[PDB]
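Heads up: the structure comes next, in structure tokens.
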Amino acid sequence: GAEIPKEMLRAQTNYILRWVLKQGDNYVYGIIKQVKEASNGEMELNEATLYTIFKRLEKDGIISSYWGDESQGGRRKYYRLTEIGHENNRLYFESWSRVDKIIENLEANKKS
Amino acid sequence: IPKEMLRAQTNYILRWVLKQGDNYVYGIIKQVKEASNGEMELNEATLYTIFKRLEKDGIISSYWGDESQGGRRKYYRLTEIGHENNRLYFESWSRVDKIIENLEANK
């Protein structure tokens, strides 16, 4: 009776958000709506966890925001990976790919 | 490329290894080095750190192993509640994979 850790739930939310960011520019609710629809029945999205990660990536210069137009009031905030954020994200998926391969190799060693 | 793997990556690998049975820190490092063709050397201090955190909540226990070549290693094992935790850990990550498939398919 030891619950799975908060750090893991954050890591999984991080993975999903980064995967969505990898697909291209988007508005925040656009991301959220896509994740909720895909998550329904699989995982309860913690909106606060998602928000926290979003804000951290922005503060860290991995994503930057812009407006879809220049008329104040009622706009959707869009976000894109920056120069360094693209690099960070590519490293993130590459490093997880290396893990995936190690697990496959461990599985194959175990079965030998 | 950063000096260390992400904690979540080290945890994933450690939990996969321990799912297979009891092990000691050098042994886990050696098996993961082998499985990576020498390319991934997990951080021994990180492993000890993770084990201390898991032992705190009863997920892992430890003991001094059978003597080999003049001494004993400190083995770690998942307990019964630890295998439960581990199953829920891997299940949650399986759900991530399903979510990604749903995003890919737009369904």
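A, B, ... follow the sequence lines: proteins, then strands. Residue 1 opens every chain. In what follows, every heavy atom counts, from backbone to side chain, and hydrogens, waters and symmetry copies are set aside.
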Region of B/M5 in contact with chain A, defined by heavy-atom distances below 4.5 Å | side chain
Under 4.5 Å from a heavy atom of chain A, the part of B/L6 involved = side chain
So which donor and acceptor atoms of chain B and chain A come within less than 3.5 Å of each other?
residue, atom, partner, partner atom, Å
B/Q9, NE2, A/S95, OG, 2.9
B/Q20, OE1, A/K110, NZ, 2.7
B/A35, O, A/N105, ND2, 2.8
B/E39, O, A/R98, NH2, 3.3
B/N85, ND2, A/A2, O, 2.8
B/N85, ND2, A/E3, O, 3.3
B/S92, OG, A/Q12, NE2, 2.8
B/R95, NH1, A/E42, O, 2.7
B/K98, NZ, A/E42, OE2, 3.2
B/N102, ND2, A/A38, O, 3.0

Excluding B/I81, membership of its hydrophobic cluster (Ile, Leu, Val, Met, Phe, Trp, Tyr; side-chain heavy atoms within less than 4.5 Å) reads none
What is the distance from atom CD1 of B/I59 to atom CD1 of A/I4, rounded to the nearest 0.5 Å?
-> 10.0 Å
All heavy atoms of A/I16 vs all of B/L103, minimum pair found to be CG2-CD1, 4.3 Å
Using non-hydrogen atoms only, which part of A/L91 is less than 4.5 Å away from chain B: side chain, backbone, both, or neither?
-> side chain
